[PDB]
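Shown here: start.csv, CSV, C-alpha atoms.
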```csv
chain,number,residue,atom,x,y,z
A,77,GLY,CA,0.0,0.0,0.0
A,78,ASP,CA,0.0,3.7,-0.9
A,79,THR,CA,-1.8,6.3,1.2
A,80,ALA,CA,-1.4,6.7,5.0
A,81,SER,CA,-3.7,9.1,6.9
A,82,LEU,CA,-3.9,10.4,10.5
A,83,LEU,CA,-6.5,12.3,12.4
A,84,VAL,CA,-5.2,15.3,14.4
A,85,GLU,CA,-7.5,16.6,17.1
A,86,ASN,CA,-6.4,20.2,17.3
A,87,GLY,CA,-8.9,22.9,18.1
A,90,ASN,CA,-6.2,25.2,14.0
A,91,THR,CA,-3.3,25.6,11.5
A,92,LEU,CA,-2.1,22.1,11.2
A,93,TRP,CA,-0.8,22.7,7.7
A,94,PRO,CA,1.9,25.2,8.6
A,95,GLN,CA,3.0,22.9,11.4
A,96,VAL,CA,3.4,20.0,8.9
A,97,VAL,CA,5.3,22.2,6.5
A,98,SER,CA,7.6,23.3,9.4
A,99,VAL,CA,8.3,19.6,10.4
A,100,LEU,CA,9.4,19.0,6.7
A,101,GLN,CA,11.6,22.1,6.6
A,102,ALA,CA,13.2,21.1,9.9
A,103,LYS,CA,14.2,17.7,8.4
A,104,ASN,CA,15.6,19.6,5.4
A,105,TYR,CA,13.5,17.7,2.9
A,106,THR,CA,13.4,19.5,-0.5
A,107,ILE,CA,9.8,20.4,-1.4
A,108,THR,CA,9.4,20.4,-5.2
A,109,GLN,CA,5.8,21.5,-5.4
A,110,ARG,CA,3.8,23.3,-2.8
A,111,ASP,CA,0.3,24.8,-2.9
A,112,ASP,CA,-0.7,26.2,0.5
A,113,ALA,CA,-4.2,27.2,-0.7
A,114,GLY,CA,-4.9,23.5,-1.2
A,115,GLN,CA,-2.7,22.5,1.8
A,116,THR,CA,-0.7,20.1,-0.4
A,117,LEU,CA,2.9,19.5,-1.4
A,118,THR,CA,5.2,17.1,-3.2
A,119,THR,CA,8.7,16.1,-1.9
A,120,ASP,CA,11.8,15.4,-3.8
A,121,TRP,CA,13.3,11.9,-3.1
A,122,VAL,CA,13.7,11.2,0.6
A,123,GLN,CA,16.3,8.5,1.5
A,124,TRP,CA,15.6,5.9,4.1
A,125,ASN,CA,19.1,5.4,5.6
A,126,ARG,CA,19.6,1.8,6.6
A,127,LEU,CA,22.5,-0.5,7.2
A,128,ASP,CA,22.2,-2.3,3.8
A,129,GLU,CA,22.8,0.2,0.9
A,130,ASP,CA,22.2,-2.6,-1.6
A,131,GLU,CA,18.6,-2.5,-0.2
A,132,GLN,CA,18.4,1.3,0.9
A,133,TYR,CA,15.0,2.7,-0.2
A,134,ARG,CA,14.1,6.2,-1.4
A,135,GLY,CA,10.6,7.6,-1.9
A,136,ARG,CA,8.7,10.7,-3.2
A,137,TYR,CA,5.5,11.8,-1.5
A,138,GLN,CA,2.5,14.0,-1.8
A,139,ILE,CA,1.6,15.3,1.7
A,140,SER,CA,-1.6,17.2,2.5
A,141,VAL,CA,-3.9,18.3,5.2
A,142,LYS,CA,-7.7,18.3,4.8
A,143,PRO,CA,-10.4,18.9,7.4
A,144,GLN,CA,-12.5,15.9,8.3
A,145,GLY,CA,-14.8,18.0,10.2
A,146,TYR,CA,-14.5,18.6,13.1
A,147,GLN,CA,-10.9,17.6,13.0
A,148,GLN,CA,-8.1,17.6,10.4
A,149,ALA,CA,-6.4,14.8,8.7
A,150,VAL,CA,-2.8,14.5,7.5
A,151,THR,CA,-2.4,12.4,4.4
A,152,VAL,CA,0.8,10.9,2.9
A,153,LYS,CA,0.6,9.4,-0.5
A,154,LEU,CA,3.7,7.4,-1.8
A,155,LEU,CA,4.2,8.5,-5.4
A,156,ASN,CA,7.4,6.6,-6.3
A,157,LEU,CA,9.6,4.1,-4.5
A,158,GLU,CA,13.1,2.8,-5.3
A,159,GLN,CA,15.4,0.2,-3.8
A,160,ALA,CA,19.2,0.7,-4.1
A,161,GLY,CA,18.1,3.1,-6.9
A,162,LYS,CA,15.9,0.6,-8.9
A,163,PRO,CA,12.1,1.3,-9.0
A,164,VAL,CA,10.0,-1.1,-6.9
A,165,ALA,CA,6.3,-1.7,-6.4
A,166,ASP,CA,5.9,-4.6,-3.9
A,167,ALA,CA,2.9,-4.1,-1.5
A,168,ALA,CA,5.0,-4.8,1.5
A,169,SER,CA,7.6,-2.1,0.8
A,170,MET,CA,5.0,0.4,-0.4
A,171,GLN,CA,3.0,0.2,2.8
A,172,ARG,CA,6.2,0.4,5.0
A,173,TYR,CA,7.6,3.4,3.2
A,174,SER,CA,4.3,5.3,3.2
A,175,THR,CA,4.2,4.7,7.0
A,176,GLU,CA,7.8,5.7,7.4
A,177,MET,CA,7.0,9.2,6.1
A,178,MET,CA,3.9,9.4,8.2
A,179,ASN,CA,6.0,8.5,11.2
A,180,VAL,CA,8.4,11.5,10.5
A,181,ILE,CA,5.5,13.9,10.4
A,182,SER,CA,3.9,12.5,13.5
A,183,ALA,CA,7.1,12.5,15.6
A,184,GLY,CA,7.6,16.1,14.4
A,185,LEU,CA,4.2,17.2,15.5
A,186,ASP,CA,4.5,15.8,19.0
A,187,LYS,CA,7.7,17.8,19.8
B,77,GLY,CA,-4.9,12.2,17.7
B,78,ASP,CA,-7.5,9.3,17.4
B,79,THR,CA,-7.6,7.3,14.2
B,80,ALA,CA,-4.7,6.3,11.8
B,81,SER,CA,-5.3,4.5,8.5
B,82,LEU,CA,-3.0,2.8,5.9
B,83,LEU,CA,-3.9,1.5,2.4
B,84,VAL,CA,-2.4,-1.9,1.7
B,85,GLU,CA,-2.3,-2.9,-2.0
B,86,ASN,CA,-2.5,-6.7,-1.7
B,87,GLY,CA,-4.7,-9.2,-3.6
B,90,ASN,CA,-6.1,-11.1,0.0
B,91,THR,CA,-6.3,-12.0,3.7
B,92,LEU,CA,-4.7,-9.0,5.3
B,93,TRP,CA,-6.8,-9.4,8.5
B,94,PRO,CA,-5.1,-12.7,9.6
B,95,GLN,CA,-1.8,-11.1,8.8
B,96,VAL,CA,-2.6,-8.1,11.1
B,97,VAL,CA,-3.7,-10.5,13.8
B,98,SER,CA,-0.5,-12.5,13.5
B,99,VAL,CA,1.7,-9.4,13.9
B,100,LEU,CA,0.0,-8.5,17.2
B,101,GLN,CA,0.3,-12.1,18.4
B,102,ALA,CA,4.0,-12.0,17.6
B,103,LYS,CA,4.4,-8.8,19.7
B,104,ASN,CA,2.6,-10.7,22.6
B,105,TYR,CA,0.0,-8.1,22.8
B,106,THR,CA,-3.2,-9.2,24.6
B,107,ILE,CA,-6.3,-9.1,22.5
B,108,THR,CA,-9.3,-8.5,24.8
B,109,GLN,CA,-12.0,-8.4,22.2
B,110,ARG,CA,-11.9,-9.9,18.7
B,111,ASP,CA,-14.4,-10.3,16.0
B,112,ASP,CA,-13.0,-11.9,12.8
B,113,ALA,CA,-16.3,-11.7,10.9
B,114,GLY,CA,-16.2,-7.9,11.3
B,115,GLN,CA,-12.4,-7.8,11.0
B,116,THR,CA,-11.9,-5.9,14.2
B,117,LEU,CA,-10.2,-6.4,17.6
B,118,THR,CA,-9.5,-4.4,20.8
B,119,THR,CA,-6.1,-4.6,22.6
B,120,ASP,CA,-5.2,-4.6,26.2
B,121,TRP,CA,-3.0,-1.7,27.3
B,122,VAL,CA,0.2,-1.5,25.3
B,123,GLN,CA,3.1,0.2,27.1
B,124,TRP,CA,5.4,2.4,24.9
B,125,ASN,CA,8.9,2.0,26.5
B,126,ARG,CA,10.9,5.3,27.1
B,127,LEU,CA,13.9,6.0,29.1
B,128,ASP,CA,11.9,8.3,31.5
B,129,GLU,CA,9.4,6.0,33.2
B,130,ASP,CA,7.5,8.8,34.8
B,131,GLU,CA,6.6,10.0,31.3
B,132,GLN,CA,5.8,6.6,29.8
B,133,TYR,CA,2.6,6.2,27.9
B,134,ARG,CA,0.2,3.3,27.4
B,135,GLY,CA,-2.7,3.0,25.1
B,136,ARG,CA,-5.6,0.7,24.2
B,137,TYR,CA,-6.5,0.4,20.6
B,138,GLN,CA,-9.3,-0.8,18.3
B,139,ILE,CA,-7.7,-2.2,15.1
B,140,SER,CA,-9.5,-3.3,12.0
B,141,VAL,CA,-9.3,-4.0,8.3
B,142,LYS,CA,-11.9,-2.9,5.7
B,143,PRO,CA,-12.0,-2.8,1.9
B,144,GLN,CA,-11.5,0.6,0.4
B,145,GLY,CA,-12.2,0.7,-3.3
B,146,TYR,CA,-10.1,-2.2,-4.6
B,147,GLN,CA,-7.5,-2.1,-1.8
B,148,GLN,CA,-7.6,-2.8,1.9
B,149,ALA,CA,-7.3,-0.3,4.7
B,150,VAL,CA,-5.9,-1.0,8.2
B,151,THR,CA,-7.3,1.4,10.8
B,152,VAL,CA,-5.9,2.0,14.3
B,153,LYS,CA,-8.2,3.9,16.7
B,154,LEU,CA,-6.6,5.0,19.9
B,155,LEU,CA,-9.4,4.5,22.5
B,156,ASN,CA,-7.6,5.6,25.7
B,157,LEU,CA,-4.1,6.9,26.5
B,158,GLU,CA,-2.4,7.3,29.9
B,159,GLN,CA,0.9,8.8,31.0
B,160,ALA,CA,2.5,7.2,34.0
B,161,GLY,CA,-0.9,5.9,34.8
B,162,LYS,CA,-2.8,9.2,34.4
B,163,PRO,CA,-5.4,9.6,31.6
B,164,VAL,CA,-4.4,12.2,29.0
B,165,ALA,CA,-6.1,13.7,26.0
B,166,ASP,CA,-3.7,16.3,24.5
B,167,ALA,CA,-3.7,16.4,20.6
B,168,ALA,CA,0.0,16.0,20.2
B,169,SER,CA,0.2,12.8,22.3
B,170,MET,CA,-2.9,11.3,20.9
B,171,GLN,CA,-1.7,11.5,17.3
B,172,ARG,CA,1.8,10.2,18.1
B,173,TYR,CA,0.6,7.1,20.0
B,174,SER,CA,-2.0,6.4,17.3
B,175,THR,CA,1.0,6.4,14.9
B,176,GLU,CA,3.2,4.3,17.2
B,177,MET,CA,0.7,1.4,16.9
B,178,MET,CA,0.3,1.8,13.2
B,179,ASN,CA,4.1,1.7,12.9
B,180,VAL,CA,4.2,-1.7,14.8
B,181,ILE,CA,1.6,-3.2,12.4
B,182,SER,CA,3.4,-1.8,9.4
B,183,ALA,CA,6.7,-3.1,10.4
B,184,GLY,CA,5.1,-6.6,11.1
B,185,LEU,CA,3.5,-6.7,7.7
B,186,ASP,CA,6.7,-5.8,6.0
B,187,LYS,CA,9.1,-8.6,7.2
B,188,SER,CA,7.9,-12.1,8.3
```

As a first step, turn the structure in this file into structure tokens.
Amino acid sequence: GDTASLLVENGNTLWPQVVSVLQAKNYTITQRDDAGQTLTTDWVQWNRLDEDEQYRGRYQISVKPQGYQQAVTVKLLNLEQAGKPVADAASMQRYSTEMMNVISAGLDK
Amino acid sequence: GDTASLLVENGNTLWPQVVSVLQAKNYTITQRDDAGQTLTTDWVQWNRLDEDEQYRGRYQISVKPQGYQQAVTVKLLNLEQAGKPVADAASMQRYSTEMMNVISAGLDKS
């Protein structure tokens, strides 16, 4: 799998918070449209012991209300393993979750 | 906080796999209904170096079809910090994510 989503119960501006987490991780943001609270990242590397199985992904990240609350969404656009494209369901769901995990950890601090 | 969801692009039986990951973690499953693909966990403690700040949560976990794919959902039912109930947004979302991450990692390798 391919989209992860998370409900955030803040009572507002979750979008600038998510953007700030990504800036703080120094991810390159290749497309960003604040009016639609959506962005696309350049490749993010998932550093791991085994380079011959290091993964990298690109994502579309957004915030949408799901009234009364807001939801953060992470959509895995492309995935590579040691620089070769991959599309296996196990890796796709893991690497969607790994970007969600970055955003969630960032939002707690 | 509250609910986390993840699309898994398999196809089928994602539900028995999710169950197997939790059994592997030795989590206690207090309620389970396979026909409805849902279960409730006992408290799950999230280990931290500072024990007076340690959280535990209880979760409703389920799988449902979403279009042609399957969605895993984690709902954080209750959260406590060093035994005290807590409801702050920032904690709730992180400890919803912590359980999703356990399930995800389990579905990846095994």

- CA of residue 167 in chain A to CA of residue 152 in chain B, distance in Å rounded to a single decimal: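 Atom-to-atom, CA of residue 167 in chain A and CA of residue 152 in chain B are spaced 19.1 Å apart.
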
- Taking all atoms listed in the file into account, report as a PyMOL selection string which residues of chain B lie within 9 Å of chain A. chain B and resi 77-86+147-149+166-172+174-176+178-179+182-183+185-187

- Message: For a test of reading the model, state the distance in Å between CA of residue 164 in chain A and CA of residue 123 in chain A, rounded to one decimal.
- Response: 14.2 Å

- Task: Please measure the separation of CA of residue 108 in chain A and CA of residue 130 in chain A, giving the value in Å to one decimal.
- Result: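 Distance reported for this atom pair: 26.6 Å.
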
- Shell of 6 Å around residue 99 in chain B, only C-alpha atoms, local chain residues under 3 positions omitted, as a PyMOL selection string: chain B and resi 96+102+184

- Message: So that I can see what lies close to residue 112 in chain A, please list as a PyMOL selection string the residues with an atom at most 12 Å from it, counting only C-alpha atoms and leaving out residues fewer than 3 positions away in the same chain.
- Response: chain A and resi 91-97+109+115-118+139-142

Mind working out the centre and edge lengths of an axis-aligned box for range 95-101 of chain B, all listed atoms inside, 8 Å added to each side, rounded to one decimal in Å and written as AutoDock Vina command-line options?
```
--center_x -1.0 --center_y -10.3 --center_z 13.6 --size_x 21.4 --size_y 20.4 --size_z 25.6
```

- Nearest candidate to residue 163 in chain B (options B:133, B:138, B:120, B:145; using all atoms listed in the file):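 Using all atoms listed in the file, residue 163 in chain B sits closest to B:133.
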
- Find the residues around residue 109 in chain B up to 8 Å (all atoms listed in the file counted), leave out those fewer than 5 positions away in its own chain, and share them as a PyMOL selection string. chain B and resi 117-119

- Closest of B:115, B:153, B:134, B:129 to residue 92 in chain B - atom-to-atom distances counting only C-alpha atoms: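 So, comparing all the options, the nearest one is B:115.
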
- Looking at all atoms listed in the file, which of A:111, A:156, A:100, A:177 is the one that sits closest to residue 124 in chain A?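 Checking each candidate against residue 124 in chain A, we get A:177 as the closest.
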